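Novice: So for the first sequence, the deposited numbering puts the first residue at 52; every next one is plus one. Even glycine gets a Cβ: it sits at the ideal position worked out from N, Cα and C. This is the structure, below, for whatever I ask next.
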Amino acid sequence: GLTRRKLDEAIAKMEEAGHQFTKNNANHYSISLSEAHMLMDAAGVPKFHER
DNA sequence: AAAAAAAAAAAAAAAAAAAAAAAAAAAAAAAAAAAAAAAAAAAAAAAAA
């Protein structure tokens with residue numbers, strides 16, 4: 052449920068760190084499930100409890 | 001000479017079998033539906049006119 056602009060904001064906040072968004076056989080960003088968790092953990096979306 | 005008694009006979013009654021008829025069951029189809037499998041059109045990502 053993250054709009055494209057929100058997801059680009061999240062990856063602009065995240066990617067400059069040491070993390071690399073692992074790509075599959077192609078360049079397509081193959082964000083692992085844990086990668087997605089971390090991304091939206093620090094993306095700024097409050098959890099169902101922390102909100 | 002005639003009567004009665006005795007003996008060798010047809011007709012009716014009872015039981016079983018073979019013809020046929022109807023219904024039900026096994027089967028043996030030609031047709032359809034559902035599920036499965038083998039390709040395809042908008043969106044997304046990175047390096048470069």
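Do you know whose CA, among 102, 94, 101, 100, lies nearest residue 62's CA?
Specialist: Per the Cα distances, 94.
Novice: Please confirm whether residue 74 and residue 85 have their CB atoms less than 7 Å apart.
Specialist: no
Novice: Looking at the unbroken alpha helix (DSSP H) that takes in residue 56, where does it start and where does it end?
Specialist: 55-65
Novice: By a C-beta neighbour count over all protein chains shown, 10 Å radius and 16 as the cutoff for buried, is residue 90 buried or exposed?
Specialist: buried
Novice: Look up residue 74 in the DSSP assignment and give the residues it is bridged to.
Specialist: 80
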